[PDB]
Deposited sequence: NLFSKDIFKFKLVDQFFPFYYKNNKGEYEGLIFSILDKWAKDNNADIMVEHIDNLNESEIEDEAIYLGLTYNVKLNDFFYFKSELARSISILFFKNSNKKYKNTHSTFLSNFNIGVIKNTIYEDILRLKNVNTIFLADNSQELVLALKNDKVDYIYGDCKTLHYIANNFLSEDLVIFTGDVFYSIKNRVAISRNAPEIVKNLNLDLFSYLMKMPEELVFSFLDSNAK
């Protein structure tokens, strides 16, 4: 009956990602299908590389966003998916650090007064920036960035051992101007992972 739009942002292993062979992978559809049946509804899935405040769809449910001062004005963050850990990577003095824009990782670097921040639109772009030595470090998701890096880089990634490790919540997000029916949805997708 009802049809709800889900938006997958960038990449988020293991929920959704692009493998070495360029094939879209993930178990998110398995979860969304189960959520759909429980809610007696159909779903539309859209994938977006980078989020823009001007292109926000009020009725859509966003996955793969993290808390960000800019995005907080537009979104309500609800149920948690898997958690992540922020890591600063470099390839195996003055410097510059790559980071995906409008993410919690950007805000972390900003409040640390890092002024040589290189803003990438997505994970792939960020990794390629490191490849072509546009940046000396990249900052972001522990597994997803490491994974994409190993797909494009010939050099191994190394972890920068400093005070840069934070526990990151990856939550489901809806527009603050979402219809009441969306706002009343149970969006605890993580509950479909029994324990």
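Worksheet item: Which residue ranges of the deposited sequence are not present in the modelled coordinates?
Response: According to the deposited record, C-alpha coordinates are absent for 1-4, 97-109, 213-227, which together make up the missing parts.
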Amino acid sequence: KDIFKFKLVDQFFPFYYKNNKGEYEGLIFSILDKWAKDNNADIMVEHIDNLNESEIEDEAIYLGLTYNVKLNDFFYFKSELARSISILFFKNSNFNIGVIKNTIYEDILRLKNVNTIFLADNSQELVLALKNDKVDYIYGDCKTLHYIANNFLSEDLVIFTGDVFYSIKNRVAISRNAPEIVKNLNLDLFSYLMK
From here on, numbers count along this sequence of modelled residues.
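Item to complete: Taking the mean of the C-alpha B-factors per stretch from the entry, tell me the winner out of 113-121 and 97-105.
Response: Mean CA B-factor is higher for 113-121.
Worksheet item: Is the mean CA B factor in the deposited entry higher across 41-49 or across 138-146?
Response: Taking the mean B-factor of the alpha carbons in each, 41-49 is higher.
Worksheet item: C-alpha B factor of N177, ranked within the chain: lowest, middle or highest third?
Response: Tercile = middle for this residue's CA B-factor.
Worksheet entry | B-factor third for the C-alpha atom of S154 within its chain | For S154, whose C-alpha B-factor we compare with every modelled residue in the chain, the answer is the highest third.
Practice prompt. Taking the chain's C-alpha temperature factors as the reference, tell me which third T161 falls into: lowest, middle or highest.
Written response: Highest third of the chain for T161's C-alpha B-factor.
Practice prompt. Would you check the entry's CA temperature factor for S54 and let me know if it's in the chain's lowest, middle or highest third?
Written response: Tercile = highest for this residue's CA B-factor.
Practice prompt. Check where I31 lands among this chain's C-alpha B-factors and tell me if it's the lowest, middle or highest third.
Written response: Middle third, going by the recorded CA B-factors of the chain.
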